[PDB]
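Ligands are counted one by one from 1 in listed order, and the atoms in each one are counted from 1 as well. Both backbone and side-chain heavy atoms feed into the values below; hydrogens, waters and symmetry mates do not. Nothing fancy with the numbering, it's 1 onward along the sequence.
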Amino acid sequence: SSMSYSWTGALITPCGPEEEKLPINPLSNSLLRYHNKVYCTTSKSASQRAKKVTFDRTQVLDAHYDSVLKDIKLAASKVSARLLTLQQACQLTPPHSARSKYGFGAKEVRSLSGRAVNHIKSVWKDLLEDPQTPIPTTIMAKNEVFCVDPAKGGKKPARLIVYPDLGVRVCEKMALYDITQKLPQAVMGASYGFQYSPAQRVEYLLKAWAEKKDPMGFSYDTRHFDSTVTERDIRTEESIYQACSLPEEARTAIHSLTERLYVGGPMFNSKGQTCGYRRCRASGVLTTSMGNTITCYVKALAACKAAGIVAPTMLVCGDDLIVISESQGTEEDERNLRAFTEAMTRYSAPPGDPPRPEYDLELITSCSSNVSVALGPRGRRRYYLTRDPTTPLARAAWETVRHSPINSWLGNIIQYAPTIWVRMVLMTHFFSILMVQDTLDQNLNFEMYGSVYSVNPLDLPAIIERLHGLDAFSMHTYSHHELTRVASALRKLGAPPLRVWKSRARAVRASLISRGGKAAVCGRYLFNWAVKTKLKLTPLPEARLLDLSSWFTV
Ligand SMILES: [Mn+2]
Ligand SMILES: [Mn+2]
């Protein structure tokens, strides 16, 4: 039926300047050596991406899909959602959000400037009055950093980002922001993945695994998910939104945004030239995350019915899915997963990599992470969330005139504090850098799900205990998979091996302790793994007074 995109031949041009690596990387050339391997995706590869995601979608639904969709609409109907005032929506605009073609930017929006408020007022009226004229969007290449993979062609091409003007983005929040805060939990409950901290995610997956008599689990991820979303998927998303109790003015704007923006529209490059036409999800609209997660859930739950998955417990984040279910024996499990994949392919969610049943929790990777196991000194098994450290380490080494990688370091330290690579490598490097700079007490930003939280490095012990438990400071015996992966990624990036990081951490620890105060607490808690004679760590009173509850929610 419909093509995901069509193209005029105009270039996807850069949105301003694209940074050069410099001949010296002074903050990370003591972390790793192979800086040649660290690269940033740019508009230069945007055309290769465009080719890869342009294809004809043919979508065939069935009675399982219809039954699931009915249950989801009924679940939606329990939600009451309100319009945000124009001013409320204005003040949720991030401080550096891309400015408007109409001579104002995020600063004016956040301060309720007269010019910006009046312009947005007219954008909203036009939404209530015109349910049809397509809204123009800008297309740009995502700039993000990876390590070269020769096994996969060297450098990945940049993702495509598609977004409307700042005035429209404010209007989207007026109509749909409150729905984004309520709909996913309402239709998915515990299956909604973007409500869990790493430790809570682990706990959820362990609980599901344990309650199967004979558990089987698998992961599923869709190839180029946004381009596989059909105009009919998007209209079905509106009908799920419309299932909630909404004032009529919201219903009118929701429909108008769907027909004029969400289902498709023309795309212009940063130079204003017409560039193509979109008939799929625009990654950049307010409903991208919620839409992906709900549509993924509809298709996946229906495909579970198609395939005969027994007693499925799901975890869905965007287009990432884990299903833990009752095994029917490996032979039927293999067939069922093929049925699952075939059904998802009919629903227009074809697989990136073919899914495979697994019977060991460590071997299932979803949303770029997996559960692993370490011991204490106790022999007591402790489970925690980890991931391949390759991309975390590459981003740790991106340094330009415009970009400092230190927030990146801190983010990984916070999210993956129990891991051996954070504890021995990133933590060691982080405190070493900040000590030599004498900036240990200068706050840094932790960035997660579009929010920024101010963090003082010297509070990391309390933050980590609050998020991960004191066990995060005493994991002893890591798993074979995890040791292999971490050693391999350090070799791949030219970083010192773990034994060298141990020697460095002994020195960092001694320096931290010698400074007394909070710094000494960092040394004793975060680097207890480094010394032969372990100190007995006790609960930190400050951790009880931390409300980190919004850090890993939307
Ligand atoms: Mn995907
Ligand atoms: Mn994915």
Inset, instruction - Please collect all salt bridge (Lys or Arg N to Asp or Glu O under 4.0 Å) contacts where either partner lies in residues 294-317, sequence neighbours excluded, each pair once. - result: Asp233-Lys299

Legend entry - Salt bridge flag under 4.0 Å for residues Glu331 and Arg335: yes

Inset, instruction - Please test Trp398 against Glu19 for side chain to side chain contact (heavy atoms under 4.5 Å, CB included), starting from the C-alpha separation and ending with a verdict. - result: CA-CA 10 Å; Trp398 190 258; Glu19 320 168 322; 2.9 Å; yes

Inset, instruction - Among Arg232, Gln59, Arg57, find the one that has a side-chain hydrogen bond (donor to acceptor under 3.5 Å, both in side chains) with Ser2. - result: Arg57

Legend entry - If only protein N, O or S atoms under 2.8 Å count, total around the Mn ion (ligand 1): 3

Inset, instruction - May I have all residue pairs that pass salt bridge (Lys or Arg N to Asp or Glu O under 4.0 Å) and include part of residues 175-202, sequence neighbours excluded? - result: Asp178-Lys182

Legend entry - Pairs satisfying salt bridge (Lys or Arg N to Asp or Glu O under 4.0 Å), at least one member in residues 402-414, at least two apart: none

